[PDB]
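Colleague: Kindly generate the corresponding structure for this input.
(4 chains, ligands or ions: 8)
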Number of protein chains: 4
Amino acid sequence: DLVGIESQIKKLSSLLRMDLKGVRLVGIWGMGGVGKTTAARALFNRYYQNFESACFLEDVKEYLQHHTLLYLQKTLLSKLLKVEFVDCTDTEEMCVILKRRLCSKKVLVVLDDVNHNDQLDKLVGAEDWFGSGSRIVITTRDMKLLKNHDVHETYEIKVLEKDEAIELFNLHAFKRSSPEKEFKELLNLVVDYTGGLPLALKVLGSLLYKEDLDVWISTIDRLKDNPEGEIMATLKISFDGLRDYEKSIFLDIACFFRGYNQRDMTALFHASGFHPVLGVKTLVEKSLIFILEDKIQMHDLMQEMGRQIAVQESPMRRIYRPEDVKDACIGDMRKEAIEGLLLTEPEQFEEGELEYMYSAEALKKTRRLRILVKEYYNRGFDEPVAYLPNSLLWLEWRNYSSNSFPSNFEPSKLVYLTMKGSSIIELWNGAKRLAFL
Amino acid sequence: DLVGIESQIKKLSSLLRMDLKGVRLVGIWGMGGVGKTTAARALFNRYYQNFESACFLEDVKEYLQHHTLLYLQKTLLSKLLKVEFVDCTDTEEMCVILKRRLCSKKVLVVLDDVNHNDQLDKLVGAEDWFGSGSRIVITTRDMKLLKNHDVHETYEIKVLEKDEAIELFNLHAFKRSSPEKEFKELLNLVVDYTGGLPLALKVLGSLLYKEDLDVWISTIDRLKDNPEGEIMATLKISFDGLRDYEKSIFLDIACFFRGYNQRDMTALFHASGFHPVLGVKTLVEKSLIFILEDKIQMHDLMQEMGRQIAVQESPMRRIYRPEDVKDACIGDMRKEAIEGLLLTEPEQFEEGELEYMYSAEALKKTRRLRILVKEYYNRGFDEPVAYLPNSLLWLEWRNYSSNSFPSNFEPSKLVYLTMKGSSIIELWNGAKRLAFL
Amino acid sequence: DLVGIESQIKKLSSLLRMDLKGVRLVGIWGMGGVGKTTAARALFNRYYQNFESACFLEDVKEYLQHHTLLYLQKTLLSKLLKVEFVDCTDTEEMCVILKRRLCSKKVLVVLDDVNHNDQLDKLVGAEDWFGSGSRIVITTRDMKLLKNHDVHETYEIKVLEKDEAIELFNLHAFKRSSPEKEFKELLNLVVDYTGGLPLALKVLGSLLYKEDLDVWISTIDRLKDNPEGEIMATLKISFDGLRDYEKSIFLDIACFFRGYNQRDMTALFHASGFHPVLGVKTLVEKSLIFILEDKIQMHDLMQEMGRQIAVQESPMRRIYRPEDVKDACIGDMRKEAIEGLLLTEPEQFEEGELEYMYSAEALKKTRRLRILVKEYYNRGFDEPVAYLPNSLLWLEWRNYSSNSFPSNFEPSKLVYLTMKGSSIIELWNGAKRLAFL
Amino acid sequence: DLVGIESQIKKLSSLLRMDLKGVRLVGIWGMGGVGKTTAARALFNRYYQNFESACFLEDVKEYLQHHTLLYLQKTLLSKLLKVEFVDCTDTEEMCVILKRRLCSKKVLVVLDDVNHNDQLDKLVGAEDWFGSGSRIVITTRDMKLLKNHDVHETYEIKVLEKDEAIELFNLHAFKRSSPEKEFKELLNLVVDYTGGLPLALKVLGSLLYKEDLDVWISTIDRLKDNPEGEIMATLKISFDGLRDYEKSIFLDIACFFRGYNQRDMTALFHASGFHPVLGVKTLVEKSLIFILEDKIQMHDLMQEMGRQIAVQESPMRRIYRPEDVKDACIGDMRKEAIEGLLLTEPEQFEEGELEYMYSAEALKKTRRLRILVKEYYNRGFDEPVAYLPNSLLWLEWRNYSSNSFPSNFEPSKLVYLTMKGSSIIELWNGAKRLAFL
Ligand SMILES: Nc1ncnc2c1ncn2[C@@H]1O[C@H](COP(=O)(O)OP(=O)(O)OP(=O)(O)O)[C@@H](O)[C@H]1O
Ligand SMILES: Nc1ncnc2c1ncn2[C@@H]1O[C@H](COP(=O)(O)OP(=O)(O)OP(=O)(O)O)[C@@H](O)[C@H]1O
Ligand SMILES: Nc1ncnc2c1ncn2[C@@H]1O[C@H](COP(=O)(O)OP(=O)(O)OP(=O)(O)O)[C@@H](O)[C@H]1O
Ligand SMILES: Nc1ncnc2c1ncn2[C@@H]1O[C@H](COP(=O)(O)OP(=O)(O)OP(=O)(O)O)[C@@H](O)[C@H]1O
Ligand SMILES: [Mg+2]
Ligand SMILES: [Mg+2]
Ligand SMILES: [Mg+2]
Ligand SMILES: [Mg+2]
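Modeller: Residues are numbered from 1 along each chain as shown, chains lettered A, B, ... in the order given. Ligands and ions are numbered 1, 2, ... in the order given. Okay, here it is:
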């Protein structure tokens, strides 16, 4: 029943101001699941009587997946006015027709989802196409398309809060009734799992409906292990579009470095062949990641998205889970595309797979390796390391069994190296290059 | 000519009762091929004159595969009334229009095939959208969508009986004439092969039409070996939708355990990483399996569906057929993804492949193994077993050649173990964990 | 300009007879490229004035690939009559509407391309839907769909003759002008390459248009080596539809046995796991192969279709070309899926690859082998054979270097064995089974 | 604002002449991104008032990807005249209707994008379908379709010049403002990267819009390394269509031989199994390559297209980049499909990978090899060569360490061989065949 929305009509109304002359373009930028269309619909339903004519569209992306762009703009003209479709086999005649016919009128037009600029150029991209008092609202997942246009104001919509999330989930799961004084702990766990994103609340609300308490705990365990693919598909829509390196940057951040320092992240990505100046800016642009106190923290569910995508890959390019380490010991197949590693606690193998993975002869079979992390305290059952291949960019090691680094090691454009081990005599015998740090 | 249908109009009529006031929702839940649309059509054709207006749809799934949901509900309003299409570029205005326009009327509306709840919410999901006396009929393959709605009554439609199946097949194969007193044995074999499911009778009826007796026996042999893919595609439609573990549960049940005990099945699935509380409930929900006397018996054709799907897979994850055992002896490729086994009668190999498969060195190449079944009496040409890898969850062995279990065996969260062998001195030297049984 | 067509209007007219009362169904069955639609159009254009109303469709397959079956039959009613589309969201109401409205009229209706029986049932499948004097023409690639209906007469259309093919090609290549007294030899070679099938003549006619003589010879060489994929796609349309074994039967016939004896072919296919009673009948049914003097001769272009399809396959299951033999000597990859062989002339290897292929140790790496043919006279540089694996079904060997068969050979349900070699003392030492021959 | 276009209206106007009687067909042939539709639109907008009726279409390819050809020509008739759609379920009746109805009128019709001749035949393919004074304009990517028709004149549109490219990019990047006296060097580099092709200017203009100078240099580096896939997709559209050997010819030219001599190129392609008489002619025909001073120079961006396509391939069939050489040293996988090589400067390996690649034992693992180029001066750290496999067609070697060619070398239908080495005693001991040179 539109919970927490009334606080938004004031914010949207304030941006336009409703007393200025001419045309103003406002862009609503979200996250890909947070309330965007519902907010646009609320504004439409409140102010649609002030103008001579108004129109509203949903999911222009799907509309062009079923129809043609010329047809779409054909309907828009026939919606503002009551006239029937006018024949035009050329798009440009239609653009001139919109300019010539509806210039001397005040209208409100809402766009729901756009991804490329020719959409705006063919539909609403102008300044004098509309008369005085007209308002243009464009909803999109990234502000970049808005930036190329002359959008006066923009609004970024954040996730719901604890009280609002609980209220919405309670509304969906129990529309009339109330929990039988035994679901509060489960309520807290479920809502904490999502952390805003009302789409997830809607999906889970319809799932646990007239379901006994016996299935709720199983649902918690499944959600802990499985990403609940239904929401993951809607998030996956935003993933398609990254060209060559943004996927690698996003996968690197999601798999290993979620809340690390920015400067070291840019140093790593620049030294690894990616382009942080472009990749980081556009990833922030598309609301996949956000910067908070010089960190690159993302949403909880987006991390699960990246982890699942990394898992579904025939060559294991990202090993962080313990069982994937076991699968990587086959040999001659998975070594050539390891592209990273993350050693974990050893009380899951019970046969010495962990010691073999970082052994000398195992590391000679891999040739591309950038990230290697070993984070678990030494029990007293470790072995010295020999190879340390000549391709690493990020090094993290716990207690070091060996006396010092091997003499066959070259930094090889290293970036980050911290050693928490308490047994190191000297780092190196001489003074090597250390071009980057 | 709608055989056996007259007994159903009474059952459907009784549920609504036809004398109550307000609106009542009835959900017809079937199996994916049993008569569902035909029953809905019979009810429609019998009671369509009682109401002011009525409408009927087929295969809403396909309709959205060709059109948009907004267009679909646009036609529904234009069907109840004689008015032309009304322009609305937003779905919500259309929902309000249905509520505002057709509230003060009594109508009958039938939905043929739905899969997601937003379909019902956008089309028929309400209580006061329709006037007094309105009836809503929703046909679907699973009652779960009905459960989220306030459906008053539900009806599950079962397969046809022996007499009805024979009558329908005779109608299709010989619409006017009669069998020439030589097809009765073939008639019994063909009808027994299907076992209800009038779709299979329709498919086979049109195939053996003006065909000589010489081809009938060949058809029986082909049907024994081949699953007759045409029907298998319609059943395959229901398979798509299972998220991650329901496919594994269904494949496990179809391949090995069809009529086993429920409790051991849930113990196996819970111990193997799946979620029986969710998977079993939803598989029963989607009418893929049913529970009869604490068993998990399914339909005969669904078993062939699962077996064929398991066969078409580049990594042989399910070996039950004898020739697949031969193909699994290549080595270094099929061992790493064996994920189960089923040894069969040895009078098909004639070269000792069976003894090599369970040999000591063969079992060291496989690391993931949950189910292993060996069911054939010992001729006197067997060999002792050595490895018995440390990953099994289900064990079944015939006469045991070895004296006792190897000392290198750990139960490894075992679940089921029965030994029909008559040569066992002691199970183990000591007392191990045996956490699960 | 419709060459050779006038001889067909008489044949089609004679079948209906044009003086009978009631409704008659005639089915035109072709080959998949021979003139079918053009013949139907000629009959339509000649007799469309005799009836009150008439209609004609093209490529119902494509129409349902873009529209819905309900829409298709909606247009058919609106074509016979001048009335606008009538609303009906259920197909069955539309079928009853056709029966109720157009029963008392005489019409001519032509169907262009159908593949499944529900098309005919929903559109034209009845006897009293049409009034006296109505004619139904159904064009299809296989008579099986006609057989399930009560088609009175059928006509099979064959390829064009030498004179007609030359005339049509000359019309396409030189619509006004004439060859400059130097293209006659090239004309004969090109027309001989196609051998009828006016679609191929149309494709090649538009390709060699205002092209110099220098490119013509290159075109002949390319056509000799390349199958000219454009026509191959139209033929490929018919390939899709074979379920599991018809593809294997067709590939076996195209690759090796084109003009062999029928009885041995059925013996091979029955002994190899296929079903000749079904496969051969339906392949003849779909006009892929035809029987002439107890042979299985096919069209020339269909053989190139099968050969190309066999070539495009990552596992080399059909080796007949000489360079594929070289590619099959890699080892451990191609042996496990050889599924046949055809040794050819040895003056293309010049390094002894041919002798290695049939060597003893090479044949132990293959386990599935049915067809093996060795047809080239012994120069005096051959070696004795040792293994002769225990899976063959068809054997053909030239001059035999060895004295007799190896003692480790079992017939293994052999079917065909002829030996043209002049050096054989005895076939076997004893008397083995020889279950099939 | 249509920069540089005014010089084109005169050229197009001159071809028709605008004073002749009858109908004339003019074909505009471009490159796949150069201004073609905009030029056609300019001519339309200037001369559309002279005729009774006129029509214009865009992207007929997409129109048939969403609609049917019959529907397309249905709209064309309803555009010239004001009448509503006329029912016709057969295309041929529609063609006769166009001939019968609009013959006695003068019209202007523009086709935007065609790929197959039946499009023209069904729409505009005739001479007397239109009255005196009618003009037909057909825009297409290749003149071959025009050649089959009776097109009187053709116009090929070239890329923009330096001044025009700078003006257009400045218009897109700064529509109102001007560069802040610091972007001139960046302007020159960006425009030089594209070299005409206004589509690339449009794409890059919208990307660097209100972007700081810090991101511009990163964009230059990314464009140097990445092909900017957005434009590459539009160019990729033209790639689809080449049948079997044109792709191989194009990949060979793009990867290695861009500005080489024509005659040696045709000799190589003819000797390698391709058909230069067909392949070269049609590649020039489709405006992928052009001939300049007996060279095969292409556009700069098309070379990046070919290089990227060659890179995205699981079997490395084209090794020219230095890191791909490292990836090709795995062994037993990449050797069997090397199909060419290009050795580069050795100050990128620093471990001796280059010497191993051309070593004796490495070359025995490859069996298909046509092109091998080694272009870097000998530092004094090279090794003699032994194998030189018996399959090469093109040889290029720098300073030769060995005394002479190995005695196990056969020319093997060699084509090109130049040796810049200064240490060669004799080419061969005797006189071998040397069939081709
Ligand atoms: N604050 C809220 N109150 C009530 N319902 C909400 C709220 N936020 C979201 N929803 C519901 O959850 C769903 C979320 O989709 P939403 O309307 O946000 O589209 P969207 O996220 O803009 O679409 P996309 O991001 O894919 O373009 C909607 O169906 C909406 O009904
Ligand atoms: N009892 C019956 N009498 C006569 N015909 C039947 C009977 N049952 C099924 N059929 C025929 O067999 C076919 C089975 O399809 P049915 O009408 O059951 O659709 P459905 O199974 O509801 O579709 P789905 O399950 O894919 O949603 C129908 O075409 C119907 O004509
Ligand atoms: N005898 C002929 N005279 C003139 N033209 C012909 C002749 N036979 C075929 N053609 C031309 O060659 C083409 C062959 O296609 P045809 O009309 O035979 O369709 P079809 O083969 O029935 O289609 P399909 O087999 O794919 O269903 C047609 O476009 C037709 O114009
Ligand atoms: N000289 C020019 N002046 C202004 N704008 C141009 C010029 N040339 C191209 N453009 C713009 O760049 C884009 C290039 O596309 P264009 O109009 O050339 O279509 P096209 O290349 O004919 O399409 P295709 O080649 O894919 O069939 C157009 O949108 C056009 O607006
Ligand atoms: Mg939205
Ligand atoms: Mg149904
Ligand atoms: Mg046809
Ligand atoms: Mg264009």
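Colleague: next one: phi and psi at the residue in the stretch 101-250 of chain A positioned nearest to ligand 1?
Modeller: For the stretch 101-250 of chain A, the residue closest to ligand 1 is residue A:198, as judged by CB to the nearest ligand atom, at 3.5 Å. Yep, even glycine has a C-beta here, placed from its N, CA and C like the rest. Per-residue torsions, residue A:198: phi -60, psi -20 (degrees, to the nearest 10).
Colleague: again with residue A:29
Modeller: phi -120, psi 130.
Colleague: hang on, isn't it packed against residue A:151?
Modeller: No - contact criterion CB atoms under 8 Å: residue A:29 and residue A:151 do not qualify, at 9.8 Å.
Colleague: who has more neighbours, those two?
Modeller: Taking neighbours as other CB atoms under 10 Å in any protein chain shown, residue A:29 and residue A:151 compare with residue A:29 leading, 22 against 17.
Colleague: any idea how far residue C:191 is from the more buried one?
Modeller: The spacing between residue A:29 and residue C:191, counted by CB to CB, to the nearest Å, is 66 Å.
Colleague: go on, residue A:383?
Modeller: According to CB to CB, residue A:383 and residue C:191 sit 78 Å apart.
Colleague: Those two - which one has more neighbours?
Modeller: residue C:191 (20 against 13).
Colleague: got a list of what that one touches?
Modeller: Shown in contact with residue C:191 (CB atoms under 8 Å, 6 or more residues apart in numbering or on different chains): C:162, C:165, C:166, C:169, C:201.
Colleague: So it belongs to a strand, correct?
Modeller: No - looking at residue C:191 with DSSP: H, G, I helix; E, B strand; the rest coil, it is helix, so not inside a strand.
Colleague: Torsion angles phi and psi at the nearest residue to residue A:416 once chain neighbours are set aside?
Modeller: Once flanking residues are discounted, residue A:416 sits nearest to residue A:394: 4.8 Å by CB to CB, 6 or more residues apart in numbering or on different chains. Backbone torsions of residue A:394, given as degrees, to the nearest 10, read phi -140, psi 130.
Colleague: Provide the partner residues of residue A:394 in its beta bridges.
Modeller: Per DSSP bridges, residues listed as beta-bridge partners of residue A:394: residue A:371, residue A:416.
Colleague: Pretty sure it sits against residue A:412.
Modeller: No - assessed by CB under 8 Å, residue A:394 is found out of contact with residue A:412, at 11.7 Å.
Colleague: So for those two, which sits in the more crowded spot?
Modeller: residue A:394 (23 against 13).
Colleague: and that one, how far is that from residue A:405?
Modeller: Between residue A:394 and residue A:405 the computed distance is 16 Å (CB to CB).
Colleague: what's the neighbour count on the residue in the stretch 201-350 of chain A that ligand 3 sits nearest to?
Modeller: Across the stretch 201-350 of chain A, no residue is closer to ligand 3 than residue A:240, which sits at 36.5 Å (CB to the nearest ligand atom). By other CB under 10 Å, 8 other residues sit near residue A:240.
Colleague: Which residues does it form beta bridges with?
Modeller: The partner list for residue A:240 in beta bridges (DSSP bridges) reads residue A:242.
Colleague: Surely residue A:130 and residue A:108 touch.
Modeller: No - using CB under 8 Å, residue A:130 makes no contact with residue A:108, being 9.5 Å away.
Colleague: tell me what the helix or strand hosting residue A:45 is packed against?
Modeller: For residue A:45, the host element (DSSP states H and E) is helix A:37-47. Secondary-structure packing of helix A:37-47 (3 or more CB pairs under 8 Å, 6 or more residues apart in numbering or on different chains; DSSP states H and E): helix A:6-16, strand A:53-56, strand A:107-111, strand A:135-140.
Colleague: how about those, which one is nearest ligand 8?
Modeller: strand A:107-111 (25.9 Å; CB to the ion).
Colleague: Okay, now the sheet partners of the closest one, with direction.
Modeller: Here, using DSSP bridges, strand A:107-111 pairs with strand A:53-56 (parallel), strand A:135-140 (parallel).
Colleague: buried set for the shortest one?
Modeller: Neighbour counts over strand A:53-56 (16 or more other CB atoms under 10 Å in any protein chain shown) mark A:54, A:55, A:56 as buried.
Colleague: can I get those residues in CSV with distance to residue A:295?
Modeller: As requested, these are exported to CSV (distance: CB to CB, whole Å):
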residue, distance to residue A:295
A:54, 43
A:55, 42
A:56, 38
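Colleague: Tell me the one of those residues nearest ligand 1?
Modeller: Nearest member of these to ligand 1, counting by CB to the nearest ligand atom, is residue A:56, at 12.8 Å.
Colleague: Tell me how far the closest one lies from ligand 4.
Modeller: 28 Å (CB to the nearest ligand atom, to the nearest Å).
Colleague: Am I right that that residue is in contact with residue A:42?
Modeller: No - at 11.5 Å, residue A:56 and residue A:42 do not qualify as touching, with contact defined as CB under 8 Å.
Colleague: For residue A:48, give me its contacts.
Modeller: So residue A:48 contacts A:54, A:108 (CB under 8 Å, 6+ apart).
Colleague: can you check the one 3 residues further on too?
Modeller: Contact partners of residue A:51, counting by CB under 8 Å, 6+ apart, are A:106, A:107, A:108, A:133, A:134, A:135.
Colleague: rerun at 10 Å
Modeller: Counting by CB atoms under 10 Å, 6 or more residues apart in numbering or on different chains, residue A:51 makes contact with A:80, A:105, A:106, A:107, A:108, A:109, A:131, A:133, A:134, A:135.
Colleague: out of those, what pair is the most spread apart?
Modeller: Based on CB to CB, the longest span within the contacts of residue A:51 runs between A:80 and A:133 and measures 14.1 Å.
Colleague: Identify the contacts common to residue A:130 and residue A:108.
Modeller: Counting by CB under 10 Å, 6+ apart, the common neighbours of residue A:130 and residue A:108 are A:80, A:136.
Colleague: Now neighbour count too, for the contacts of residue A:51, in TSV please.
Modeller: Formatted as TSV, those follow (neighbours: other CB atoms under 10 Å in any protein chain shown):
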residue	neighbour count
A:80	20
A:105	16
A:106	17
A:107	22
A:108	22
A:109	23
A:131	16
A:133	19
A:134	20
A:135	22
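Colleague: tell me the SS of the most centrally placed residue in chain A?
Modeller: Centroid-nearest residue in chain A, with CA atoms, centre = their mean: residue A:288, separated by 2.9 Å. Of the three states, residue A:288 takes coil according to three-state DSSP.
Colleague: so it makes contact with residue A:253?
Modeller: Yes - checked against CB atoms under 10 Å, the pair residue A:288 and residue A:253 is within contact range at 9.0 Å.
Colleague: any shared contact partners between the two?
Modeller: Each of A:298, A:302, A:306 lies in contact with both residue A:288 and residue A:253 under the rule CB under 10 Å, 6+ apart.
Colleague: now the strands for chain A?
Modeller: Ranges of strands within chain A are A:24-29, A:53-56, A:107-111, A:135-140, A:153-156, A:341-343, A:371-374, A:394-397, A:416-419, based on DSSP state E.
Colleague: The third one and ligand 5 in contact?
Modeller: Just to be clear, that refers to strand A:107-111. No - in terms of CB under 5 Å from the ion, no part of strand A:107-111 sits within range of ligand 5; the closest distance is 10.7 Å.
Colleague: Kindly report the same for the fourth one.
Modeller: No - using CB under 5 Å from the ion, we find that strand A:135-140 stays clear of ligand 5, coming within 6.3 Å at best.
Colleague: now that strand and helix A:37-47, what's the angle there?
Modeller: Angle of strand A:135-140 versus helix A:37-47, following axes from the mean of the first three to the mean of the last three CA atoms, to 10 degrees, is 170 degrees.
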